[PDB]
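Contents: one structure, followed by commentary.
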Amino acid sequence: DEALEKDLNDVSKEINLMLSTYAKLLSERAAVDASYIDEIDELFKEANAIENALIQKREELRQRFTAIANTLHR
Amino acid sequence: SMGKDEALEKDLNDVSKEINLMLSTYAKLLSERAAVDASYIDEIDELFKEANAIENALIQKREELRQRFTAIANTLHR
Amino acid sequence: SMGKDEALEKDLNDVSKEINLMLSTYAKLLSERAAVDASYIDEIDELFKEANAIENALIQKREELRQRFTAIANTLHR
Amino acid sequence: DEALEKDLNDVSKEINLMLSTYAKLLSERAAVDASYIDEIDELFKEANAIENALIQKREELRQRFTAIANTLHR
Ligand SMILES: [Ca+2]
Ligand SMILES: [Ca+2]
Ligand SMILES: [Ca+2]
Ligand SMILES: [Ca+2]
Ligand SMILES: [Ca+2]
Ligand SMILES: [Ca+2]
Ligand SMILES: [Ca+2]
Ligand SMILES: [Ca+2]
Ligand SMILES: [Ca+2]
Ligand SMILES: [Ca+2]
Ligand SMILES: [Ca+2]
Ligand SMILES: [Ca+2]
Ligand SMILES: [Ca+2]
Ligand SMILES: [Ca+2]
C-alpha cells in the first residue's frame, strides 16, 4: 500500500539495523573470550597450587612412614 | 583428626568441579554463537532478497512511467 | 594433621557457594522472563494493531466496491 | 502490493505463531521452577547434613577439652 520507493527505504533500514546489531555482537566476542580464558587460567593456577601441595604432603608421608618402619624393624 | 592430604584431595576436587562448569558454560556459549551466526545468515538473506525484489520492481515502475508518458505523447498527436 | 571440624567448615562453605550460584542463576532466569513478558506484550500489540487496521481497510474496500457498482448501475441508466 | 484480504491473512498467521510460541514458553515455566526447587532442596539438605556433623564434632571437642583440663588441673 506504500510506494515501491518507500518500501525499498523501509527494508534498507531493516538491513542496516540487523547489520549494525550483528557487527556489535561480533565485536564483543573477543572480550568475552578473553574473560573466559582469564578466569579459567585463574582456576587452573588454583588447582595446580593445591595439587602441588598434595604432592609435597604425600612425600612427607612417605618419609614419615619409612622412618617409623625403620625404627620399629631396625 | 584427619590428614591434610585428604583435605587437599577434597579441595582439588572442588576446584576441578568449578573448572568443569566453566568449560561447559563456555562450550554452551559457543553453541549459542553458532546458532546465532546461522540465524543471521538466514534472516539477512531474506531481507536482501526482499530489498532486491523491491529495487527491481522500482526500476520497472520508472520504465513503465516512461512508456505511459510516451503513449500519452503519441495520443496527443492523433 | 588437622581437625575434622575444620574440614567440615570448608565443605559447608563449598556447598554454600553452590547454593548461592543456583539462587543467582534462578534470579537471572526470572529477570529474563520479565523482559520476555514485556517484549511479548509490545510485539503482540503491534501485530494486533496492524491486523485491525488491515481489517478496517478491508471493510472499507468492500463498501467502496458496493458504491462503485451502484454508480455503474446509475451510469447505465443515464 | 497484495490485497488487504491477503495481508489480513498474513498478519493473522503471525499473531497465531507468536501466541502459540508464547503459550508454549509459559506452559514450560512450571517444570523449570519445579526443577530449581528440587535441586536447591537437595543442596540445602546436603548443607544441613554437613552443618549438623560440624555441630556434633564441636560438642565432642568441647567434651575432650573439658576432660583434659580437669585431668591437668584436678
Ligand atoms: Ca506498493
Ligand atoms: Ca512499507
Ligand atoms: Ca603440578
Ligand atoms: Ca573445599
Ligand atoms: Ca533460508
Ligand atoms: Ca527462514
Ligand atoms: Ca537489482
Ligand atoms: Ca569440599
Ligand atoms: Ca510499544
Ligand atoms: Ca516496539
Ligand atoms: Ca476492526
Ligand atoms: Ca494492498
Ligand atoms: Ca502480504
Ligand atoms: Ca542444622
Side-chain angles (χ1 to χ4, degrees), chain A residues 1-15 40-62, chain B residues 1-22 47 49-68, chain C residues 1-22 50 53-54 57-58 60-61 64, chain D residues 1-11 39 42-58:
Chain A
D1 73 323
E2 303 198 302
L4 289 169
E5 293 99 330
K6 173 58 165 53
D7 283 348
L8 182 53
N9 196 257
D10 294 330
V11 66
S12 67
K13 286 176 187 165
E14 288 196 81
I15 289 165
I40 298 168
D41 178 68
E42 294 175 15
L43 288 174
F44 272 105
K45 288 181 312 187
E46 177 173 14
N48 189 45
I50 297 166
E51 187 213 36
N52 290 354
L54 178 58
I55 288 166
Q56 190 168 347
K57 182 60 61 166
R58 283 172 172 176
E59 174 59 28
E60 186 185 3
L61 283 174
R62 177 202 295 254
Chain B
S1 74
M2 68 185 276
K4 284 181 203 271
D5 68 307
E6 185 180 2
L8 290 163
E9 292 172 5
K10 297 158 121 298
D11 277 345
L12 182 57
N13 191 259
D14 298 320
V15 185
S16 298
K17 287 171 160 160
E18 291 180 302
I19 289 164
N20 287 348
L21 175 59
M22 181 160 290
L47 286 174
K49 279 164 147 43
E50 162 163 31
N52 191 47
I54 298 167
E55 190 219 29
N56 296 348
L58 180 47
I59 293 167
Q60 282 168 326
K61 166 181 175 177
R62 263 54 183 283
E63 298 303 322
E64 186 180 323
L65 289 163
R66 189 188 314 278
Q67 294 162 29
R68 292 187 182 285
Chain C
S1 74
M2 68 185 276
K4 284 181 203 271
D5 68 307
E6 185 180 2
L8 290 163
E9 292 172 5
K10 297 158 121 298
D11 277 345
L12 182 57
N13 191 259
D14 298 320
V15 185
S16 298
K17 287 171 160 160
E18 291 180 302
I19 289 164
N20 287 348
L21 175 59
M22 181 160 290
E50 162 163 31
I54 298 167
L58 180 47
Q60 282 168 326
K61 166 181 175 177
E64 186 180 323
Chain D
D1 73 323
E2 303 198 302
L4 289 169
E5 293 99 330
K6 173 58 165 53
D7 283 348
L8 182 53
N9 196 257
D10 294 330
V11 66
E39 296 303 326
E42 294 175 15
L43 288 174
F44 272 105
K45 288 181 312 187
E46 177 173 14
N48 189 45
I50 297 166
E51 187 213 36
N52 290 354
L54 178 58
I55 288 166
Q56 190 168 347
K57 182 60 61 166
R58 283 172 172 176

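Naming convention: chains lettered A, B, ... in sequence-line order (proteins, then strands); numbering from 1 in each chain. Each ligand, and each atom within it, is numbered from 1 in the order the structure gives.
B/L58 has its side chain within reach of B/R62: a pair of non-hydrogen atoms, C-beta onward, lies under 4.5 Å apart.
Distances shorter than 3.0 Å separate the Ca ion (ligand 3) from the protein N/O/S atoms A/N48 OD1, A/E51 OE1, A/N52 OD1.
Protein N/O/S atoms closer to the Ca ion (ligand 8) than 3.0 Å number 4 in this structure.
Note: A/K13 NZ to A/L8 CG = 11.0 Å, rounded to the nearest 0.5 Å. The CG atom of C/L8 lies 11.0 Å from the CD1 atom of D/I55; values are rounded to the nearest 0.5 Å. Taking CD of C/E6 as the reference point, atom NZ of C/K10 lies at 6.5 Å (rounded to 0.5 Å).
Looking at A/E2 and the Ca ion (ligand 1) together, the shortest N, O or S contact belongs to O.
Here the closest non-hydrogen pair linking B/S1 and C/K4 is O-CE, 3.8 Å. Considering all non-hydrogen atoms of both residues, B/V15 and A/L43 come closest at CG1-O, 3.6 Å. C/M2 and C/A7 make their closest contact through CE-N, 3.8 Å (heavy atoms, listed as atom of the first residue, atom of the second, distance).
With salt bridges taken as basic N to acidic carboxylate O contacts below 4.0 Å, none links A/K45 and A/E42. Salt bridge absent: D/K57 and C/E9 never bring a charged side-chain N and a carboxylate O closer than 4.0 Å.
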